[PDB]
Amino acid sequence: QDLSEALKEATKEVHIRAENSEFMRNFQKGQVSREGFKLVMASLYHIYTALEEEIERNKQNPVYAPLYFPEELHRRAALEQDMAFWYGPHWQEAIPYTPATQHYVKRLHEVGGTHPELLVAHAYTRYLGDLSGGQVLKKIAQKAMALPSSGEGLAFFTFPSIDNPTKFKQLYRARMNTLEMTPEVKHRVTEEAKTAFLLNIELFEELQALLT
């Protein structure tokens, strides 16, 4: 069984749970505030910073390298633009770094530094969602918060180097399927993808509490 399929299958249940977190349920209904949106986007800034630091560390490592697509996929620059938009020019000392965000970052560094063969789980969980469902979330955000089609404040959700998210997704999955796989690696990769998803749920839980 192909890795791309094994991951989709292993995470379909937890994905249902993630969409139904209180924060995402409210987000999807069009009830996201600037305060709530700023918190989540600041937390992603930290998460994608860590993810992409570890990607760069492992770019030549054959357990990751076939997924090395910085120009197309990396979000850190986009998130910096969004931070300047939402938080102003002194955003680096305005933005929060919540405990659940720190916890996700920690696991990202553990994976990148000690278990790089699992980094694909984390890239899969974030980037493939951003290319799929994130495009729906973009539209809802834009409408909720009166964000302009010209894209300011939603750079995260915009992939100017990818013509067509569906075709790129199909390429990315094809390339995942070229990673050297043993039963050991495959089983732990799909476990770590479930952990990535839980880390996200835990963040959304935390943000919702901080908002109430």
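Take the two forms, superpose them, and find the largest set of C-alpha atoms that agree within 1.5 Å; that set is the rigid core. Throughout, we count residues from 1 along the sequence that is shown.
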Stretch with greater C-alpha deviation in 8 other deposited structures of this protein, 122 to 130 versus 137 to 145 (rigid core superposition): 137 to 145
Stretch departing more from the displayed form, 25 to 33 or 64 to 72, Cα RMS in 8 other deposited structures of this protein (core fit): 25 to 33
- line: Comparing 90 to 98 with 104 to 112, the higher average Cα temperature factor in the PDB entry belongs to 90 to 98
message: Which is higher on mean Cα B factor in this entry, 175 to 183 or 66 to 74?
response: 175 to 183
- prompt: Of the choices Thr49, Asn58, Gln31, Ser43, which one's C-alpha carries the largest B-factor in the record?
  reply: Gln31
Record-listed C-alpha B factor of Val136: chain third: highest
task: Would you mind ranking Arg188 by its C-alpha B-factor against the rest of the chain and naming the third, lowest, middle or highest?
output: lowest
field: Chain-relative CA temperature factor third for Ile162
entry: highest
query: Against its chain's modelled residues, does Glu152's Cα B factor rank lowest, middle or highest third?
result: middle
- prompt: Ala18's Cα B-factor: lowest, middle or highest third of the chain?
  reply: middle
